[PDB]
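*Asks:* Protein chains in written order, with PDB author numbering: chain G, 67 to 531; chain Z, 444 to 531; chain X, 1151 to 1165, 1235 to 1503; chain W, 1151 to 1165, 1235 to 1238.
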Amino acid sequence: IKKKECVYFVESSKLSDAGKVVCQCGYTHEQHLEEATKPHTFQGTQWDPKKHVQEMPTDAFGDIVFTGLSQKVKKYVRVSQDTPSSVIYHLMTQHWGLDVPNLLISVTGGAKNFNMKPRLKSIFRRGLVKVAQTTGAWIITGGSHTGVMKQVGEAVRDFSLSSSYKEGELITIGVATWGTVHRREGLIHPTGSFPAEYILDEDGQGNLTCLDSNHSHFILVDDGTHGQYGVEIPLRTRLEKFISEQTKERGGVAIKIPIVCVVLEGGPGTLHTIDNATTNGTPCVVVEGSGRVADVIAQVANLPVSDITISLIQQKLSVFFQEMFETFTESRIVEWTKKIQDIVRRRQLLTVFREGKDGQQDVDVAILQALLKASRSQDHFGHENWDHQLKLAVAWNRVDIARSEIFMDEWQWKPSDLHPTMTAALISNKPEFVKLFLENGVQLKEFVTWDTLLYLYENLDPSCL
Amino acid sequence: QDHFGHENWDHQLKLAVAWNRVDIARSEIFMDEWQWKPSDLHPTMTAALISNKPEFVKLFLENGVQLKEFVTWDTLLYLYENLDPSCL
Amino acid sequence: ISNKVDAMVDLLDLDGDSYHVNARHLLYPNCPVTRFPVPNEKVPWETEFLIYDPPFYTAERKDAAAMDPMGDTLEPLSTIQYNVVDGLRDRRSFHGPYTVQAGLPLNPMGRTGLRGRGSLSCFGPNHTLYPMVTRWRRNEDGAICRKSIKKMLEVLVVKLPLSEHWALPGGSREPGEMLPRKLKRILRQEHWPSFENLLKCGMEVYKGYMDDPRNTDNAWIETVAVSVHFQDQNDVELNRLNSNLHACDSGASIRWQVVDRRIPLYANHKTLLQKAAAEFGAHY
Amino acid sequence: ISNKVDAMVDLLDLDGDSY
Ligand SMILES: Nc1ncnc2c1nc(-c1ccccc1)n2[C@H]1C[C@H](O)[C@@H](COP(=O)(O)OP(=O)(O)OC[C@H]2O[C@@H](O)[C@@H](O)[C@@H]2O)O1
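#1: Classify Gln509(G) as helix, strand or coil using the three-state DSSP reduction.
#2: What does a CB cutoff of less than 6 angstroms around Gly290(G) pick up in its chain, not counting 5 residues either side in sequence?
#3: In whole angstroms, what separates the C-alpha of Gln427(G) from that of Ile433(G)?
#4: Which one of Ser529(Z), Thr515(Z) and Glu471(Z) has the shortest CA to CA distance from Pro486(Z)?
#5: Alpha carbon to alpha carbon, how far is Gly318(G) from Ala490(G)?
#6: So which of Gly219(G), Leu458(G) and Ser282(G) has the shortest CA-CA distance to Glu235(G)?
#7: May I ask which residues mark the beginning and end of the alpha helix (DSSP H) holding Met488(G)?
#8: Find the residues of chain X that neighbour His446(Z), judging by a C-beta separation of less than 8 angstroms, and give them in chain order.
#9: Would the beta-carbon of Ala1495(X) fall within 9 angstroms of that of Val1443(X)?
#10: Tell me the start and end of each unbroken alpha helix (DSSP H) in the region 1353-1412 of chain X that is at least 4 residues and wholly inside, in chain order.
#11: How about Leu1164(X): is its C-beta nearer than 9 angstroms to some C-beta of chain W?
#12: Tell me the DSSP secondary structure of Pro300(G) in three-state form.
#13: For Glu331(G) versus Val214(G), is the C-beta spacing smaller than 9 angstroms?
#14: Taking only heavy atoms of ligand 1 into account, decide whether any of them is closer than 8 angstroms to the Cβ of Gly270(G).
#15: CB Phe391(G) to CB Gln407(G), shorter than 9 angstroms?
#16: Closer than 8 angstroms to a non-hydrogen atom of ligand 1 - does that hold for the CB of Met474(Z)?
#17: Taking beta-carbon pairs under 9 angstroms, can you tell me which members of the region 479-494 of chain Z lie near chain G?
#18: Judging by CA-CA distance, which residue of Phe190(G), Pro123(G) and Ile154(G) is the nearest neighbour of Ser356(G)?
#19: So that I know if they touch, is there some Cβ in chain Z lying closer than 9 angstroms to that of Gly134(G)?
#20: Count the other CB atoms, across all protein chains shown, that sit within 10 Å of the CB of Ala198(G); report buried if there are 16 or more and exposed otherwise.
#21: At a cut-off of 8 angstroms, would you count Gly335(G) as near ligand 3, judging by its Cβ distance to the nearest heavy atom?
#22: Nearest-angstrom Cα distance between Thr207(G) and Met488(G)?
#23: Can you name the residues of chain X whose CB is closer than 8 angstroms to the CB of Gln90(G)?
#24: Using a Cβ cut-off of 9 angstroms (strictly closer), state whether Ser1237(W) contacts chain X.
#25: Can you give me, in chain order, the residues of the region 1327-1358 of chain X that have a beta carbon less than 8 angstroms from any beta carbon in chain G?
#26: Cβ of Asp1156(W) less than 9 angstroms from any chain X Cβ?
#27: Establish whether the CB of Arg411(G) and some CB of chain W are separated by less than 9 angstroms.
#28: Going by DSSP, what residues sit across from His1346(X) in a beta bridge?
#29: Going by the C-beta, is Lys1261(X) closer than 8 angstroms to any heavy atom of ligand 1?
#30: Could you check whether the Cβ of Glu298(G) sits closer than 8 angstroms to any heavy atom belonging to ligand 1?
#31: Given that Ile1151(X) touches chain W, what residues does it touch there, using C-beta distances under 8 angstroms?
#32: Leaving out five residues on either side along the sequence, give the residues of the same chain with a beta carbon under 7 angstroms from the beta carbon of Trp477(Z).
#33: Please determine whether the Cβ atom of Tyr142(G) lies at a distance below 8 angstroms from any heavy atom of ligand 1.
#34: Between which two residues does the alpha helix (DSSP H) containing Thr111(G) stretch?
#35: As a quick exercise: from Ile1405(X), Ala1386(X) and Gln1450(X), pick the residue whose alpha carbon is nearest that of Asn1463(X).
#36: Quick one: is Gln1476(X) near chain Z, going by C-beta distance under 9 angstroms?
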């Protein structure tokens, strides 16, 4: 049952690889995840990871429930690094039952635990849930139970157990590392239809990490290694690039699935992700004050390109990792200056969620301002951008935005241009958009044609009598 | 106060049970990100049940105290020895 | 609506310290002997001015002007000498040569507001060390145990039956000061064997002044910090130095305790542990 | 009235490059 396309990187690690740097007992020697080539291979040479890491059918693919934390089943799967993005997308949709998302919400930041102001908590974890409740979106978190990826899990917990509504299920996809997950043992069973349980132990872990409790689905990537951290990055960007290219069809109008990044406190690796996201043309949002790299960007966001005041402004990394601001490194500071300049240079692709000036509007509204600004700034050959924005607004089911942003602007439009959107709204039963289009002037006596009726009657409610 | 690990949080919860101040017990010692397991609330859950404070019962159920696991045989036996003495 | 208007009626009414401190208390561990107030500015007499007068008090137990069981005295008695090594009492300072201006010594780190030594059995700076033994806080396997990203230590501390705190095994050199580097508390608490051999090659954390609550204006405790650290999980030495625990002082509890800024240790012990937890990148 | 008091509870929280 589809245990043959999803493979996992496994190979003996102590063929010949010592160092020794992490002596402990050995480099994951016999009676460990290393089990296949325990007899004598040819030489071993230098490990040099083209010493063939076997891709055999996966042994960790099932349904996981947390023993004494929650009681709802959760799906997971062990995935190799070289797995094509299309295979994972097919697995997530066709066999996990997930509907095609209307929006991707990438949540990045720092793994280290932290706290913010209670007002910021109460606004962020109340807006992030509502961004998804209305839209039917996906939340690609960081996986495990520490930091930004733990706070989003807390946000989902603050909803799915207080206002436990089946209508509008929260879909959070956890992408983490196999080899970093702590208790992956007792979770390996090559016939995986089992509802095994996870002992959520945060105390036992050393240089490892446990999975977060509140996550609808889990995706684990590995190279057959132990303790490595930078392995899930080049399968998250690759997956997101493909999901963004994938398209939705629905009733009458077809859209291109958008994507957004939501940052928080982050280290050197969050800044690089922010840079790589904006280069590909994906808008990102920064909150007004919680964290090392986020707050630097928030403060330098309206200034023109005149920088390297960063030597002073980087004090917000209060712990001063590598022991102070002048002694991070001259090379790393001069590298971060270029990155900050690059981020600030794309005005359209970047927005900052200034607390006092934008939270009263909402966080929801700014998190949809990012996508609309990106679509407006995209090159479109004339008029295509407005209709694409309307198509997105139909799927958002956000009539307030669809009005206040793409009908309060004075672009040229004829009432006939709304007919393909009018049909989609009628099929999807959104009377609020019907009212908006009638206010803007869609004359039904002219809109309702013979072919329009014929098409409408082929899209009745299948559950109707 | 010096407390050797985790004792301070449970002492604060014990004080909050007696305060009958659910707003403080929430906003101060549950809005802070300390490590806690739902099993750790069982001695406090029993005190709240005995003292008839449904507002703390709601708070602990929100935080995730699963009754199906909390209610043990010994817990029932202890609970039935602390009925309301004025009850029929 | 009635509950929200109440939420609105209330909404519209909105229109350097580095001198020794633990020694400048108000009281002293025993008897009234209340000290003389000395604000922060007036602690160094080197560049400050008088108009103070401390309440002279000495030796607290037997004979203020004799203290024969404790050995010395200066009661217009030249006799004593505050330099080099002398007889069994070092009387030196790890902060340079201090001042014998008034005939009696003076604690260089500031004027803490008294005249005679309380309990310290010598007007000269008493010498003591606190060897802390630390292990890497192993969990059920090697692993280590990081708090957030930094590693965690475990020190050995002892709680005396009547004492209300925990203390690193310390002491003060008993019959003689040139005699074993094998402090009295550990001797009473451990069957002395090769802890000396282990300590002699230990790393020196803090040579300096201890902010004891028993400094008056003289007879001030300075200390040296030796920190032997164990790396492996069992070792002949870890298993031996766990099996060599006799103690048996009717309640004296020696349990391995994790390091943090919330240990019931004395303040000076806590700051010494802070100093010792920075050489190895510990948590604290 | 209930929808307008909600509109008021939220209203009172407002306190070279050429290379
Ligand atoms: N899953 C993870 N991945 C990467 N390091 C992780 C991690 N769990 C932990 C972790 C382990 C024990 C306890 C608490 C936390 N650590 C550690 C090791 C690292 O040296 C350090 C720097 O902290 P950082 O804040 O400097 O981190 P980055 O800025 O590089 O990005 C963070 C990632 O989260 C994603 O959403 C992406 O955004 C980005 O890959 O924490």
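C-beta atoms are modelled at their ideal positions from N, C-alpha and C, and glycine is treated no differently.
*Replies:* This is what the structure gives:
#1: Position 443 of the first sequence, counting from 1, holds the residue named residue 509(G). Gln509(G): coil per DSSP, three-state reduction.
#2: Numbered from its first residue, the first sequence carries residue 290(G) at position 224. Excluding positions up to five away in sequence, the list reads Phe75, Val76, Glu77 and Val119.
#3: The residue given as residue 427(G) occupies position 361 in the first sequence. The residue given as residue 433(G) occupies position 367 in the first sequence. In a straight line, the C-alpha of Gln427(G) is about 11 angstroms away from that of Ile433(G).
#4: Stepping through the second sequence from its first residue, residue 486(Z) is reached at position 43. Out of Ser529(Z), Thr515(Z) and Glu471(Z), the CA that lies nearest to the CA of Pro486(Z) is found in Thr515(Z).
#5: Position 252 of the first sequence, counted from the first residue, corresponds to residue 318(G). Position 424 of the first sequence, counted from the first residue, corresponds to residue 490(G). Using only the alpha carbons, I get a separation of about 5 angstroms.
#6: Mapped onto the first sequence, residue 235(G) falls at position 169. Here the closest residue by C-alpha is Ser282(G).
#7: Counting from 1 along the first sequence, the entry for residue 488(G) is found at position 422. Where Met488(G) is concerned, the enclosing alpha helix (DSSP H) stretches over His485 to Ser494.
#8: Reading the second sequence from its first residue, position 3 is the one you call residue 446(Z). Result: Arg1481.
#9: In the third sequence, residue 1495(X) corresponds to position 276, counting from 1. In the third sequence, residue 1443(X) corresponds to position 224, counting from 1. In this structure, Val1443(X) does not lie closer than 9 angstroms to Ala1495(X) by Cβ.
#10: 1403-1408
#11: Counting from one through the third sequence, the residue named residue 1164(X) turns up at place 14. It does: the Cβ of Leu1164(X) has a partner Cβ on chain W nearer than 9 angstroms.
#12: Position 234 of the first sequence, counting from 1, holds the residue named residue 300(G). In this structure, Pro300(G) counts as helix in the three-state DSSP scheme.
#13: For the purposes of this step, residue 331(G) is taken as residue 265 along the first sequence, with counting starting at 1. For the purposes of this step, residue 214(G) is taken as residue 148 along the first sequence, with counting starting at 1. Yes, the Cβ-Cβ distance between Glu331(G) and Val214(G) is below 9 angstroms.
#14: Residue mapping note: residue 270(G) aligns to position 204 of the first sequence, counting from 1. Checking the Cβ of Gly270(G) against ligand 1 gives no.
#15: For the purposes of this step, residue 391(G) is taken as residue 325 along the first sequence, with counting starting at 1. For the purposes of this step, residue 407(G) is taken as residue 341 along the first sequence, with counting starting at 1. No, the Cβ-Cβ distance between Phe391(G) and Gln407(G) is not below 9 angstroms.
#16: In the second sequence, counting from the first residue as 1, residue 474(Z) sits at position 31. It does not: the Cβ of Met474(Z) is nowhere closer than 8 angstroms to a heavy atom of ligand 1.
#17: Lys480, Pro481 and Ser482
#18: The residue given as residue 356(G) occupies position 290 in the first sequence. It is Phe190(G) whose Cα lies nearest to the Cα of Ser356(G).
#19: Along the first sequence, one-based indexing puts residue 134(G) at 68. Yes, its Cβ sits closer than 9 angstroms to a Cβ of chain Z.
#20: Working through the first sequence from its first residue, we reach residue 198(G) at position 132. Label assigned to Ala198(G): buried.
#21: Ligand 3 is not part of the structure shown, which contains ligand 1 as its ligands.
#22: Taking the first residue of the first sequence as 1, we reach residue 207(G) at position 141. Taking the first residue of the first sequence as 1, we reach residue 488(G) at position 422. Rounded to the nearest angstrom, the two C-alpha atoms are 35 angstroms apart.
#23: Along the first sequence, read from residue 1 onward, the residue named residue 90(G) stands at position 24. Those are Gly1361, listed as they occur along chain X.
#24: Looking up residue 1237(W) in the fourth sequence gives position 18. So, not an interface residue.
#25: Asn1358
#26: As a first step, residue 1156(W) is located in the fourth sequence; it is residue number 6 there, counting from the start. Output row for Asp1156(W): interface = yes.
#27: Taking the first residue of the first sequence as position 1, residue 411(G) is located at position 345. It does; some Cβ of chain W falls within 9 angstroms.
#28: If you number the third sequence from 1, residue 1346(X) lands on position 127. Answer is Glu1441(X), bridged to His1346(X).
#29: For the purposes of this step, residue 1261(X) is taken as residue 42 along the third sequence, with counting starting at 1. Flag unset: Cβ of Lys1261(X) not near ligand 1.
#30: Walking along the first sequence from the start, residue 298(G) turns up at place 232. Under cutoff, so the answer is yes.
#31: Taking the third sequence and counting its residues from 1, the one referred to as residue 1151(X) is at position 1. Against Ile1151(X), the close residues of chain W are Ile1151, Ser1152 and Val1155, in the order they occur along the chain (beta-carbon pairs closer than 8 angstroms).
#32: In the second sequence, the residue the question calls residue 477(Z) occupies position 34. Within the same chain, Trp477(Z) has close Cβ partners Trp452.
#33: To locate residue 142(G), count along the first sequence from 1; it is residue 76. Checking the Cβ of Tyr142(G) against ligand 1 gives no.
#34: As a first step, residue 111(G) is located in the first sequence; it is residue number 45 there, counting from the start. Looking at the DSSP string, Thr111(G) is not in any alpha helix (DSSP H), and its letter there is neither H nor E.
#35: To locate residue 1463(X), count along the third sequence from 1; it is residue 244. The shortest Cα separation from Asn1463(X) among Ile1405(X), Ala1386(X) and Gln1450(X) belongs to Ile1405(X).
#36: As a first step, residue 1476(X) must be located in the third sequence, where it is residue number 257. Yes, because at least one Cβ of chain Z sits closer than 9 angstroms to the Cβ of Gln1476(X).
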